[PDB]
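# Structural description and commentary
Listed below, chain by chain, are the residues.
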Amino acid sequence: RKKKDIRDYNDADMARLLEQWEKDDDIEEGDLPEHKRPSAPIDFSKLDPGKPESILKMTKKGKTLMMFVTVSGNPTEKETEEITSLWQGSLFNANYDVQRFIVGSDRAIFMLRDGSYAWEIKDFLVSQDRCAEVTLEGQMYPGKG
């Protein structure tokens, strides 16, 4: 196995849907009181501004990516697919900073626009071996320029 067991950055996050297989409901919570996000350029080191109008006109999807889970039983395949979307946002930040891992009857997920910075808290986060939090918003393009 490997925390970086990604399919060359595509839609591995969707794999989380497998969690539904358990349906043990180890946790009763899952959704937290989220809200709008700050609109501004965010990157790990520096973005690549001054881009052409073609690319920009091509498509624009700026959103914040942040989710932490590590338990058995997560019936939310639908919401999973939505994760792939937020992934695009991380691109503008650095270059897709998401990690996935599967062990036993429980799976853990971790996605952040920065990644490295999150790796710090991720230590204790995954160490808990029991967490169910999710956060996804897209107001005023919270991240991507």
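Reading guide: rules and limits
Residues numbered from 1 in each chain as written, not as in the entry; some residues may be left out. Heavy atoms only, no water. UniProt positions renumbered as here; feature names shortened; annotations may be inferred. Pairing = 2+ DSSP bridges. Helix = DSSP H or I, 4+ residues; strand = E, 2+ residues; numbered from the N terminus. Axes fitted to C-alpha atoms, helices over the stretch in contact; angles between N-to-C directions. Contact = heavy atoms within 4.5 Å. Buried < 20%, exposed > 50% of the residue type's maximum accessible area, 1.4 Å probe, protein only. Polar contact = N/O pair within 3.5 Å; in protein donor to acceptor, adjacent residues only side chain to side chain. Core = buried A, V, L, I, M, F, W, Y, C linked by side-chain atoms within 4.5 Å. Expected span 1.5 Å × (residues − 1). Bend = angle between axes of the 7 residues up to and from the residue.

In the PDB header, solution NMR is given as the technique by which the entry was determined.

The protein goes by Mesoderm development candidate 2 in the PDB entry, where it is assigned to Mus musculus. As recorded in the PDB, the entry bears the title "MESD(12-155), The Core Structural Domain of MESD that Is Essential for Proper Folding of LRP5/6". Within the UniProt record for the protein, the comment given under Subunit (literature references left out) is "Monomer. Interacts with LRP5; the interaction prevents LRP5 from forming aggregates and chaperones LRP6 to the plasma membrane. Interacts with LRP6; the interaction prevents LRP6 from forming aggregates and chaperones LRP6 to the plasma membrane. Interacts with LRP4; the interaction promotes glycosylation of LRP4 and its cell-surface expression." The UniProt entry for the protein carries this comment under Subcellular location: "Endoplasmic reticulum".

The next subject is the sheet that holds strand β4 (residues 132-137). Strand pairing in a sheet takes place through backbone hydrogen bonds and is either antiparallel or parallel in direction. One open sheet holds the four strands; their spatial order is β2-β3-β1-β4, and the pairing between them is antiparallel. Either end of the sheet is taken by a strand with one partner, and the two such strands are β2 (98-103) and β4. On average, each strand axis in the sheet is inclined to that of its neighbour by 15°, with strand direction left out of account. Relative to strand β3 (residues 106-112), β2 runs antiparallel, the two sharing six bridges. Following the sheet pairing, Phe-101 is matched in β3 by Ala-108. Contacting β1 (64-71), β2, β3 and β4, helix α2 (residues 77-93) runs over the sheet at an angle of about 135° to β1.

Structurally, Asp-114 can be placed in the loop between β3 and α3 (116-128). According to the relative accessible area criterion, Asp-114 is buried, its value standing at 13%. In sequence terms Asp-114 and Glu-28 are 86 residues apart; their C-alpha atoms lie 29 Å from each other. A polar contact of 3.1 Å, which involves the side chain of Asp-114, links it to the side chain of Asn-93. At 3.0 Å, the side chain of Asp-114 and the side chain of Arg-113 are in polar contact.

Turning to the nonpolar core, a few remarks are in order. Counting 11 residues, the largest nonpolar core is built from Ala-12, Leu-65, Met-67, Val-69, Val-71, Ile-83, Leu-86, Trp-87, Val-98, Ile-109 and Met-111. Residue contributions to this core peak at four residues, all from β1. In this structure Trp-87 touches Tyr-9, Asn-10, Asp-11, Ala-12, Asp-13, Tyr-96, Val-98 and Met-111, once residues within four positions along its chain are discounted. By size, the runner-up hydrophobic cluster in this structure holds seven residues, among which are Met-66, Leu-112, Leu-125 and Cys-131.

Our next topic: the side chain of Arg-16. Here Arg-16 shows up in the segment before α1 (53-58). Of note is the side chain of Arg-16, whose polar atom sits 2.8 Å from the backbone oxygen of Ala-108. In contact with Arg-16, other than residues within four places in its own chain, are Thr-80, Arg-100, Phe-101, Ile-102, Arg-107, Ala-108 and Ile-109.

Moving on: the pairing of β1. Buried residues dominate β1, accounting for eight of its eight residues. Across the two faces of β1 the burial is the same, with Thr-64, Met-66, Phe-68 and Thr-70 and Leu-65, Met-67, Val-69 and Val-71 all buried. By the bridge criterion, six bridges tie β1 to β3 in an arrangement that is antiparallel. Bridge pairing in β3 links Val-71 to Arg-107.

A separate point is α3. For α3, spanning 13 residues, the distance from its first C-alpha to its last is 19 Å, which sits close to the expected 18 Å at 1.5 Å a residue. The largest bend in α3 comes to about 45°, at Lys-122. Every buried residue of α3 is accounted for by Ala-118, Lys-122 and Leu-125. Among the residues trailing α3, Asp-129 stands out with phi positive, at a value near 65°.

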